[PDB]
Structure formats: structure tokens, C-alpha cells
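First, one chain by itself: the form deposited in one PDB entry, in C-alpha cells.
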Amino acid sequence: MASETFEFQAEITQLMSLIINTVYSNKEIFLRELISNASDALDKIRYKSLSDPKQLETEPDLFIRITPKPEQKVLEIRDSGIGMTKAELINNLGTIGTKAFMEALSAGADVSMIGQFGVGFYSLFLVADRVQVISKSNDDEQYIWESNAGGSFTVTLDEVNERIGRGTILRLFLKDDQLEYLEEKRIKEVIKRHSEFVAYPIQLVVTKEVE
């Protein structure tokens, strides 16, 4: 199953590089941004479903789910939102707001503003050096978009991950110094602090050895 490679729009590559290298202290803001995106996508499939009810049948439950995978130093944020087609992943995430945030930043702006420029997605590079966005739109097959903050990303038809009925998974490969975001306590503390007013259930998946 062959990967396709695409070039990032120049300013996006610009944004990603300063973030992956930054010494900024409050890296935990990435989670609010990703939950905010998840909530948005859930709004869209819900609003969409107002006039097209069958759009919900691929995954009737509306949720945001966070799943620590300690062994792989991975953190996943899933939602059963509207999802993105292959062409949406390519367009939305790489090939097409941005520059103005970098300008605000260089003047003293707090990266927490990132979401107000519409580019909070990229805040994930505060805690991760690599990401896979796995997405299933009702309108397309399941696809994997992958980036390590370089100048190019890949998109691959998904034959390796669990089927999500509909929606998007952000699979973050955490940096070695950022492994705290795998911890149930840390995660819950960050959720409560910055994501108080979310319309959808936020589920936390915890793995505990029984005794």
C-alpha cells in the first residue's frame, strides 16, 4: 500500500519548525487546541446531521476520547466528528491565517493565541516530534496523514489501523521529555483547566494491571 508524498506550503513548514524547537514553557496548551478541533468536527457532523440524519449511522455516538499508549510513547485524541477525505487532509493540513500568527508571535504573543489564528493543530509539535492524523469521512476511505515537521508529509490509504466508523484520530508521538502526557492525573488536570465548556463527553482510556 504505497504512500504519496506532498510538499508543505512554505509558511506552514515555517510555523512547524519554530514550534518543534521552541523553549516555550506552557506546552500543555496543545490539548485544549486538539479538543477544540475535535469539538468543532463534532459540531459539523451534528449540524450536518440536522438535514441529513443518516450521516450519523457510521458512528452514532458523539464523543472525544483520549488514549495514552505508554509503551509506544504515543498519545491519541479521537473524535467521531465529520472527519476528512483524502483531499481534505492534503488541503487542510499541508497545501493551503498562518503567517499572521508567526508575526504576532515575534512581537511577544503567547502561543496560546494560536487557536485564534486558526492554526492550533500545529501546537501538537510542542509535545510531539511526529504525528499521524487518521481520518474517516463518510465520503471517503480511511486515510493516514503523517508529518515529522519537515517540508513534506505523506498520505496513505489505511490498511494498518483500527477502523474508526467516522471521525479523526490524532496520534501524537511524544518527545522523551514530554511523557507526562501519558499520565491519567496530568491529562485530567489539563482537561479541567482549559476545556471546561465542551458539549461532548471526553472519555479517558486508562490501562490498569489488576491484582
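Don't overthink the numbering: it's just position in the shown sequence, from 1. Each form is matched to the other, and the largest set of C-alpha atoms that superpose within 1.5 Å is called the rigid core.
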Self-check item: Continuity check for residue 96 and residue 97, given as deposited residues lacking coordinates between them
Solution: 1 to 3
Practice problem: Could you check the entry and say whether 169-177 or 22-30 has the higher mean CA B-factor? | Solution: 22-30
Quiz item: Which has higher Cα B-factors on average according to the PDB entry: 179-187 or 59-67?
Solution: 179-187
Practice problem: Have a look at 154, 148, 36, 51 and flag the one whose Cα has the highest B-factor in the entry. | Solution: 51
Self-check item: CA B-factor ranking of residue 88, expressed as a third of its chain
Solution: lowest
Quiz item: Which third of the chain does residue 100 land in by C-alpha B-factor: lowest, middle or highest?
Solution: highest
Exercise. Among all modelled residues of this chain, ranked by Cα B factor, put residue 141 in the bottom, middle or top third, i.e. lowest, middle or highest.
Key: lowest
Quiz item: Is the Cα B-factor recorded for residue 135 in the lowest, middle or highest third of its chain?
Solution: lowest
Practice problem: Using the B-factors in the PDB entry, rank residue 195's C-alpha atom against the chain and give the third, lowest, middle or highest. | Solution: highest
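Not on display, but discussed next: the form deposited in another entry.
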Quiz item: After the core is superposed, which of these residues, 169, 174, 155, 34, moves its CA 2 Å or more between this form and the one not shown?
Solution: 34
Quiz item: Quick one: once the rigid core is lined up, does residue 110 have its C-alpha move by 2 Å or more between this form and the one not shown?
Solution: yes
Quiz item: If you line up the core, does residue 119 shift 2 angstroms or more at its C-alpha between this form and the one not shown?
Solution: yes
Quiz item: Looking in the other entry, are the Cα atoms of residue 137 and residue 119 closer together or farther apart than here, the change being 3 Å or more?
Solution: farther
Quiz item: Between residue 89 and residue 119, do the C-alpha atoms lie closer or farther in the other entry than in the shown form, with a difference of 3 angstroms or more?
Solution: farther
